[PDB]
Amino acid sequence: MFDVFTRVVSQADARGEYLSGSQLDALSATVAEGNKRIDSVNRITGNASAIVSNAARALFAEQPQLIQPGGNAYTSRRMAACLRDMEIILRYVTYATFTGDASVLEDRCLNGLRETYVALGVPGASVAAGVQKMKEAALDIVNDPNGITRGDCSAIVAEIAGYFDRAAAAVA
Amino acid sequence: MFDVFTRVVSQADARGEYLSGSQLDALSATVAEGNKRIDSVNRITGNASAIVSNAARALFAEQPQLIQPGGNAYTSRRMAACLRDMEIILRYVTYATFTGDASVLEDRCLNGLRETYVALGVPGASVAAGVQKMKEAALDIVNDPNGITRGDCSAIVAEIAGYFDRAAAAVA
Amino acid sequence: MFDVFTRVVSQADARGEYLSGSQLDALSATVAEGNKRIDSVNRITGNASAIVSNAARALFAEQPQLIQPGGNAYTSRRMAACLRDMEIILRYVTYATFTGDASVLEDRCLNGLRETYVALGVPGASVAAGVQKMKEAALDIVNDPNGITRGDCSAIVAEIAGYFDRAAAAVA
Amino acid sequence: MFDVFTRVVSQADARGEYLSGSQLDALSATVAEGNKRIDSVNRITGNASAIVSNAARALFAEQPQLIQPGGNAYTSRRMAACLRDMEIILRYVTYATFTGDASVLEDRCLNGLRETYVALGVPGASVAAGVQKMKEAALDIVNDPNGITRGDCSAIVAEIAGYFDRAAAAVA
Amino acid sequence: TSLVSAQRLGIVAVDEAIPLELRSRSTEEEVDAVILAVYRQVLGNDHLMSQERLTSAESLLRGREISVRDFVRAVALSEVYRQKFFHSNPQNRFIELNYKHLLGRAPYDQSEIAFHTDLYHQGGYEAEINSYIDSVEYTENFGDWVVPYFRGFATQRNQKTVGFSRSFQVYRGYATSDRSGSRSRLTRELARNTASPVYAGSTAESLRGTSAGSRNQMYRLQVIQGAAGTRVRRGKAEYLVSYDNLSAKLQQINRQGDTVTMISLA
Amino acid sequence: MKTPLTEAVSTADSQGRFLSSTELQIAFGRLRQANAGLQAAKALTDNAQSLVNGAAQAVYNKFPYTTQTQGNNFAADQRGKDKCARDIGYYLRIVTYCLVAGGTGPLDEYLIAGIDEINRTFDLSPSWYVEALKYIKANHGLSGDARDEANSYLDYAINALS
Amino acid sequence: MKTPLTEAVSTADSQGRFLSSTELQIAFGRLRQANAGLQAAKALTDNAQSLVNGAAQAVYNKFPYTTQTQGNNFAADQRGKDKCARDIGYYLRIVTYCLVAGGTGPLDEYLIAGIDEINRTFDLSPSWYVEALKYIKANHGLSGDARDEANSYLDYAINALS
Amino acid sequence: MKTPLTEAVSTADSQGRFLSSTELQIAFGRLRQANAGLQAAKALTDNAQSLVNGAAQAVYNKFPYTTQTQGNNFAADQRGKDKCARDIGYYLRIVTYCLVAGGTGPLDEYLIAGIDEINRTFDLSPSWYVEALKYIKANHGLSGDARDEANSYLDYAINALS
Ligand SMILES: *[C@@H](C)[C@H]1/C(=C/c2[nH]c(/C=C3N=C(/C=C4\NC(=O)C(CC)=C4C)C(C)=C\3CCC(=O)O)c(CCC(=O)O)c2C)NC(=O)[C@@H]1C
Ligand SMILES: *[C@@H](C)[C@H]1/C(=C/c2[nH]c(/C=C3N=C(/C=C4\NC(=O)C(CC)=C4C)C(C)=C\3CCC(=O)O)c(CCC(=O)O)c2C)NC(=O)[C@@H]1C
Ligand SMILES: *[C@@H](C)[C@H]1/C(=C/c2[nH]c(/C=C3N=C(/C=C4\NC(=O)C(CC)=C4C)C(C)=C\3CCC(=O)O)c(CCC(=O)O)c2C)NC(=O)[C@@H]1C
Ligand SMILES: *[C@@H](C)[C@H]1/C(=C/c2[nH]c(/C=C3N=C(/C=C4\NC(=O)C(CC)=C4C)C(C)=C\3CCC(=O)O)c(CCC(=O)O)c2C)NC(=O)[C@@H]1C
Ligand SMILES: *[C@H](C)[C@H]1/C(=C/c2[nH]c(/C=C3N=C(/C=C4\NC(=O)C(CC)=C4C)C(C)=C\3CCC(=O)O)c(CCC(=O)O)c2C)NC(=O)[C@@H]1C
Ligand SMILES: *[C@H](C)[C@H]1/C(=C/c2[nH]c(/C=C3N=C(/C=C4\NC(=O)C(CC)=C4C)C(C)=C\3CCC(=O)O)c(CCC(=O)O)c2C)NC(=O)[C@@H]1C
Ligand SMILES: *[C@H](C)[C@H]1/C(=C/c2[nH]c(/C=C3N=C(/C=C4\NC(=O)C(CC)=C4C)C(C)=C\3CCC(=O)O)c(CCC(=O)O)c2C)NC(=O)[C@@H]1C
Ligand SMILES: *[C@H](C)[C@H]1/C(=C/c2[nH]c(/C=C3N=C(/C=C4\NC(=O)C(CC)=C4C)C(C)=C\3CCC(=O)O)c(CCC(=O)O)c2C)NC(=O)[C@@H]1C
Ligand SMILES: *[C@H](C)[C@H]1/C(=C/c2[nH]c(/C=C3N=C(/C=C4\NC(=O)C(CC)=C4C)C(C)=C\3CCC(=O)O)c(CCC(=O)O)c2C)NC(=O)[C@@H]1C
Ligand SMILES: *[C@H](C)[C@H]1/C(=C/c2[nH]c(/C=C3N=C(/C=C4\NC(=O)C(CC)=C4C)C(C)=C\3CCC(=O)O)c(CCC(=O)O)c2C)NC(=O)[C@@H]1C
Ligand SMILES: *[C@H](C)[C@H]1/C(=C/c2[nH]c(/C=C3N=C(/C=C4\NC(=O)C(CC)=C4C)C(C)=C\3CCC(=O)O)c(CCC(=O)O)c2C)NC(=O)[C@@H]1C
Ligand SMILES: *[C@H](C)[C@H]1/C(=C/c2[nH]c(/C=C3N=C(/C=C4\NC(=O)C(CC)=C4C)C(C)=C\3CCC(=O)O)c(CCC(=O)O)c2C)NC(=O)[C@@H]1C
Ligand SMILES: *[C@H](C)[C@H]1/C(=C/c2[nH]c(/C=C3N=C(/C=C4\NC(=O)C(CC)=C4C)C(C)=C\3CCC(=O)O)c(CCC(=O)O)c2C)NC(=O)[C@@H]1C
Ligand SMILES: *[C@H](C)[C@H]1/C(=C/c2[nH]c(/C=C3N=C(/C=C4\NC(=O)C(CC)=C4C)C(C)=C\3CCC(=O)O)c(CCC(=O)O)c2C)NC(=O)[C@@H]1C
């Protein structure tokens, strides 16, 4: 996988050139944002169970066919797997947030996921909807202004929202 | 894999026939060439490192784009992988020379190599060029009249050249 | 070793507890069975040689491989050892009956006996068979209603059967 | 494993010495016996099945206890194992004959074989008897003057006898 | 196992090992790490010379042409594996090495030995090696993408308890290897379906006090004894003797005709 | 197929090694043997019919019940006698391949692997074929190296069947 | 590509775990280092032409036969000097990547893996590059954390060559 | 220990087979070669001192810096000259083993396995030893099969170093 730094290095090497002064400055701006990135990873992580269970509850209420007998999330093993997938996706979203690059999410989570669901008969569109609900609760949790040094986290929130949107698109 | 002898056996068995007198005599003619065959394998093997290294230097001199940054032979791992591939091909050509049949080279080295290189982005045409340079040096080494019981090795040299050509044609 | 009384005592001391009325009453009932316990021990002991030799003779009759040349009970030395083991087991069974607790039989006789027999090639399953024969003969002797004050010894007879069964289970 | 040549090399290298002119001559003498050695290997190999089965038949005829019910070679699985062991021993003896060194026989076949048989209750003395029968039939096959370039094979025959003897010693 | 036991038994590092899986779109470093782990496991932690590496099989794995399980099998079938573990070993030692290297456990029963001796006699070396890697046990523990790892120190479904005790015979410590052939320490206990005490890590140690002689060392002799003198109470015995009395004890055991199964420092 | 040259390369390839002097000596060993093997092949081939016919009759003589008993597995009718001659012809022809190839490779690949199952399924006695193979050993008329190599393959088959 | 951030995720992913305080502390460790690393990369980059030419001459001085002996592997001609100058530039450029990445990942991926085979195949002495790297260590003019991290990568390359 | 005889048994043992004509042919290849191998070994042995001295001098000449430069890895002093002559003697002695054994086994096990790590750790150039081996090839005075085999081992070592 890449992180925000090695992404720049890898592109530089293919061209055989040192990082420009503006590329180093840009990475310095990334470093200046490091604490907010760490806080957002910590906040999502601390609430992971709630994020998953609430989004799942919201999804099944919005989409009752999923849990009716014969529905895809019916039976304990299928429900268990569905909850696991939500958590896996959330976990890899935080990985991408931690590293500052989507490569981990794409390579280790999303690659092949659409084909997996198509083969299994998992409704990918319902997965994307559950990812949207997780996205919503996660960003509210990250933006919660209480109990934390005050500042502007809009950039990190946008970056996180992108990773969620990436996940939702990969399945839907 | 087949050798020169079992190649004829397998064909004969497929027809349920004994080898003909013509076939046995052909095999007896191969036996007469055996010493030359062995010498040619020995000579190529004794010079394997130089054949590879000189062929590679000559290839990177003619095709400097391979060894510029972002080029396919750039970075140590790719350069080392490239040199390995050259030595592998030469190794399998000596196996084919030793057995007197192309199957070992084709079954193990060449079959699927084109497709593998295409997926990797390895330039198959440049590999063929390198195989050509190894072929030219290898044939000169076999033909060196010094230090060996003089004789006509034209037949064995033509066979060895054919094996190099198979290898070259299989990558490009 | 423990006897029926010290077994209860040891458990109570570990709990830091006086024996309860029920436990004392249970021991009182044990005391009431004492004469029948004593009689059973005396009856087995008085017939010990016959019990052992008859069981041994019956064993070798049913399992002639034991005494054929090369058999584990062949040669005077091994036959003698085998007869001794039968006597040893019967003796410790009578000890356990006398004390009313298996600890003597388990600690002094059965512990490690399977390990000894496997290590030395003694056919444990045949020792078990002989023990079973000794069990049947001893119980007959204990249960004989002649020449003794009549009463119900089923509880002591059941306890004795348990000791033989332990012995048989331990060697195999 | 060592062969007759590498045996001498290994000893020489440990002493940091070139092979002495005496050692080279002794090896040259080994080479001069090469054709007899090959013939002895070929002859024993060509009769392997007869050698094993005849010796096995003779063994069981001489030692009926092996195949009586309860015997160590009774039941198809154990009889099959027994025939396998005979074949194995013969096979490694031919290996040692072929290499001119006992290392293959000792390392692959005999090392720990006594302990295996003792552990399992395989009568090692009977195995040794079986090996002896195979040895006698083998040496007669090797020494048969019919249909072979006449000469003195007494040295090779003695060496082979030594391998059979070592096997017979090892199992018991 | 937990720290309290693992520390005494010298298996803390085994307990904290994490299965290594080759993921989709792995980096060059991850492939390198996987190749290293396979060599350490399948070759029993020998020092691996660069001349011994499987150049081609490594390339194919790196190219995603073959799975991790294929690469494990390539190494197991290689001449390196053969020379290390097969050509100079008796069969039963070879088989327990295959169980350690390929399944990460010790053999459970004599019939496993019998099965694999028969298979070697029937189909040779390749058929023997393939039986481990193609087995249900291999596929369900490691599948195609996870490097094998030692399992014998953890409770496995459908294991025998004695698998745990036997693990200490084939796993001798982190800084050890299966390099010197030799005989199996398991032969007798497999053949007779028994177990042996675990003397590993610091469990071999016994108290010295003032009774351990001039060097303050005790040696633990494990013997199998019979009554061929005083009465013998157990067919299996242990003696603790100081260095100064060790020769006398051996001679005593020898004179009695009893068998020494193991000796070690205590 | 298992022959001196392919085994040499197979071993070398597994080690990722160029052929060395060890393999060259294997090639020389093959050359020493090849001409005698080719001569043995021609001699067996030329007398194939006589050998096959003779061998088939040898089996009938030693196992007369094969030509007297009715059954799919026996040669009491023309069908079985033709099966039998074919089979013996297979053994003979594949043995000549071994002489050409310089190893048991052809026997292993085409005849021996699976022969146990064939004989069991179709109730064919391997003792029949052993007798046919012995006849061929006794009548092929080879000598010297040609004889030694041919008999090794005939015995290899015989050992496989017993 | 080993770096603190990728190693943290790799470890957690192998365990199927969410990132915890342990991985958070790794990130803080990265942040504490990153600005000094970026400063070092700029300083090295701005002086690259001088460090590379100076390092190459240091190699030529220490090993004068490299500029006097004919051969493809030596730098007695302009072709070899250009190759040598290029190679040293690779080491310096890739070292600046390690400072950006905060780990040896770039050296491992781009340079170290396979360098033994290259030097062996083309008959290049690793001592030449050790001398070149030693020159850079003494002439990059860094201090503090930028010096310490930068020297670790130059030392890391040297230890790989020895 | 790659050798014709051990290879034949190793293969047969791996397959769980008796030796067959394939392995017998391998033995014949060995026998055809053995006397020449022993003769070469005798000739190299008798000339050991002159070959080693000559080879070391040929290296010192081709690489004069090795005699002029201080350092544990160079032959400026007697210590280094001793080590160097010792090393070249190892190469020669083990090559004689290969001729006796009939294969590269002795070079593989005693010398080549791990040589890369030694040369890198102690900063010894393979090119030095390559020159030594080239000299021995040019001056062992052997002919015929002895020349061919001995050169194959000398070239095997050379290729392993480059
Ligand atoms: C958007 C994400 C929200 C936000 C974040 C924010 N955080 C800081 C500063 C810090 N946060 C931490 C975090 C931790 N310290 C620890 O010991 C651990 C436990 C392992 C964690 C997670 C730290 C160390 C700092 C720096 C010190 C400080 O408290 O200031 C800031 C301030 C700016 C900065 O980049 O440091 C901000 C903005 N703030 C909001 O208002 C959002 C809701
Ligand atoms: C074309 C290949 C060149 C050529 C070859 C050539 N060789 C021979 C004859 C022999 N070569 C050998 C080889 C070896 N003997 C050994 O011991 C080893 C080392 C393991 C080797 C490689 C042998 C045994 C012979 C036969 C005896 C002899 O010394 O000649 C010939 C002659 C024809 C023949 O078939 O023998 C030839 C032609 N000759 C050339 O001119 C080409 C450059
Ligand atoms: C089952 C065991 C059988 C059985 C036993 C039984 N015995 C008694 C009573 C007594 N038995 C004795 C024993 C002895 N007195 C001695 O002097 C000796 C020698 C040391 C012995 C062994 C005694 C003293 C008594 C008590 C007095 C009496 O004679 O009765 C009973 C009666 C119940 C009781 O506990 O007293 C019983 C039941 N009776 C059977 O029918 C079983 C076959
Ligand atoms: C003791 C073993 C008996 C014996 C043997 C013996 N053999 C030879 C000579 C040869 N034997 C062979 C063998 C083969 N040639 C082949 O093609 C094959 C098949 C692969 C084999 C097994 C060969 C090649 C020779 C040399 C040529 C020849 O026919 O002479 C001798 C003679 C001495 C020698 O070393 O050559 C002897 C003595 N002889 C006996 O009397 C014993 C019963
Ligand atoms: C009744 C004894 C108590 C109770 C029940 C309760 N259950 C849920 C939610 C779920 N129940 C299940 C169970 C199953 N689903 C299956 O497919 C199967 C196997 C065939 C089982 C056993 C599941 C999966 C859920 C969650 C998803 C869903 O709602 O369908 C709830 C609501 C929980 C929530 O957060 O919505 C409740 C209330 N609750 C009590 O208090 C009763 C004593
Ligand atoms: C839940 C919101 C929805 C849902 C999910 C669902 N998924 C599966 C099964 C699988 N999911 C995956 C996905 C992954 N495995 C991984 O390792 C990773 C990458 C790290 C991912 C993303 C896989 C591979 C499977 C199949 C194997 C397995 O289940 O472990 C199921 C079960 C399908 C079945 O038939 O059993 C379900 C139910 N289903 C819904 O209805 C929701 C919309
Ligand atoms: C050198 C002249 C050219 C060159 C080569 C090059 N090849 C690769 C990668 C691979 N080559 C192979 C081929 C084989 N592997 C084997 O084991 C065998 C025998 C069966 C063969 C024929 C494979 C499988 C790979 C991929 C896996 C691996 O990297 O080892 C590379 C590396 C490419 C990359 O790392 O992305 C290179 C550079 N490249 C050139 O530019 C030359 C023309
Ligand atoms: C013959 C002179 C008289 C006789 C014999 C008789 N013996 C037994 C029983 C046994 N005999 C032995 C003896 C040995 N077993 C050994 O292993 C050895 C040492 C090698 C010897 C000497 C034994 C141990 C027994 C008992 C166990 C067994 O039956 O094998 C009997 C039967 C006794 C019984 O109760 O079954 C008899 C009849 N009897 C005469 O009247 C003869 C004059
Ligand atoms: C008879 C039914 C079977 C039989 C017996 C047999 N046992 C041994 C040897 C031993 N038996 C014991 C058992 C004990 N010794 C004790 O001191 C006690 C504790 C109170 C017990 C339970 C022991 C320790 C031994 C070994 C030492 C000794 O022999 O005294 C043998 C001899 C074994 C040998 O060959 O040495 C035999 C024959 N054998 C059978 O075949 C019957 C099934
Ligand atoms: C009877 C239908 C035909 C027949 C029989 C025959 N059998 C043998 C020899 C053996 N028979 C067996 C069989 C078994 N041994 C076992 O342990 C079991 C399983 C419990 C079986 C089925 C074995 C192993 C042998 C060989 C060893 C032995 O002799 O015990 C022979 C003699 C063969 C020989 O070469 O000595 C014979 C004659 N023969 C006929 O003609 C009948 C039609
Ligand atoms: C036959 C003459 C005698 C006999 C033999 C017998 N052996 C066993 C069991 C084993 N034999 C071996 C030996 C080897 N296996 C190998 O792979 C090799 C090296 C290539 C050797 C030397 C082994 C390992 C065993 C144990 C495993 C197995 O059972 O295969 C038995 C079976 C014992 C059992 O309890 O089943 C037998 C019968 N037995 C006799 O009675 C003859 C005297
Ligand atoms: C509970 C009453 C007592 C207790 C138990 C305890 N056991 C272990 C560890 C192991 N237990 C076993 C046993 C088995 N494994 C099997 O597969 C089988 C069936 C075939 C059995 C009987 C094993 C093998 C282990 C070790 C491996 C493992 O732990 O998985 C522990 C853990 C010890 C540690 O330090 O981890 C404990 C706690 N402990 C008590 O205090 C109770 C008296
Ligand atoms: C060098 C100062 C001394 C020396 C060393 C020597 N060691 C071995 C072999 C091994 N060394 C180890 C040690 C380890 N392996 C590990 O993984 C770990 C870390 C956890 C350690 C400490 C092992 C396991 C081996 C055996 C495996 C293998 O050799 O590959 C040798 C080789 C011996 C041989 O080739 O037989 C040597 C030479 N030897 C000396 O003379 C120095 C005093
Ligand atoms: C300089 C210290 C000395 C020197 C250098 C020299 N190098 C080469 C050839 C090569 N150098 C490399 C190195 C790399 N390639 C890479 O991709 C990387 C990683 C990013 C490195 C470090 C390689 C691979 C080659 C060979 C291929 C090529 O030609 O580029 C030469 C020429 C060697 C030849 O045979 O052509 C030279 C001269 N030479 C000296 O004398 C200096 C002391």
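In the text below, chain A, chain B and the rest are named by the order of the sequence lines, each starting its count at 1. All ligand and atom numbering here is 1-based and tracks the order in the structure.
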State whether the shortest distance between N or O atoms of C/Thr116 and N or O atoms of ligand 9 falls below 3.5 angstrom. no
Which ligand 4 atoms, with their elements, are less than 4.0 angstrom from a heavy-atom of D/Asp39? 5 (C), 6 (C), 7 (N), 8 (C), 10 (C), 11 (N), 12 (C), 13 (C), 22 (C)
Please indicate whether C/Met1 has more than 12 foreign heavy atoms, meaning atoms of other residues, nucleotides or ligands, lying under 6.0 Å from its CE. no
Can you find an N or O of C/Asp85 that's nearer than 3.5 Å to an N or O of ligand 9? yes
If you measure every N or O of D/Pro145 against every N or O of ligand 4, does any of those distances drop under 3.5 Å? no
Does D/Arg43 come within less than 4.0 Å of ligand 4, judged by its heavy atoms? yes
Taking 4.0 angstrom as the limit and counting only heavy atoms of D/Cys153, give me the atoms of ligand 4 inside it, by number and element. 1 (C), 2 (C), 3 (C), 4 (C), 5 (C), 39 (N), 40 (C), 42 (C)
Between D/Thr94, D/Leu139, D/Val41, D/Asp165, which is the residue that forms a side chain to side chain contact (heavy atoms under 4.5 Å, CB included) with D/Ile160? D/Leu139
Of the side chain and backbone of D/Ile156, name the one, both, or neither that has a heavy atom under 4.0 Å from an atom of ligand 4. neither
So, is C/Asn72 polar-close to ligand 9, with some N/O to N/O distance under 3.5 Å? yes
Checking the N or O distance criterion of under 3.5 Å, is ligand 4 in contact with D/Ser40? no
Output the list of atoms in ligand 4 that are nearer than 4.0 Å to some heavy atom of F/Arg32, sorted by atom number. 15 (N), 16 (C), 17 (O), 24 (C)
Ligand 4 N/O within reach of F/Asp145 N/O, cut-off under 3.5 Å: yes
Subset of ligand 9 atoms that lie under 4.0 Å from at least one heavy atom of C/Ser126: 43 (C)
Evaluate D/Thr149 for polar contact with ligand 4, using N/O atom pairs at a separation under 3.5 Å. yes
Short N/O distance, under 3.5 Å, between D/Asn35 and ligand 4? yes
Which protein residues have a heavy atom under 4.0 Å from ligand 8? C/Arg57, C/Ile67, C/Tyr74, C/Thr75, C/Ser76, C/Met79
Does ligand 9 come near enough to C/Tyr117 that some N or O of the ligand is less than 3.5 Å from an N or O of the residue? no
Does NZ or CZ of F/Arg30 fall inside the cone over H/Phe28's six-membered ring, less than 6.0 Å from its centre and within 45° of the axis? no
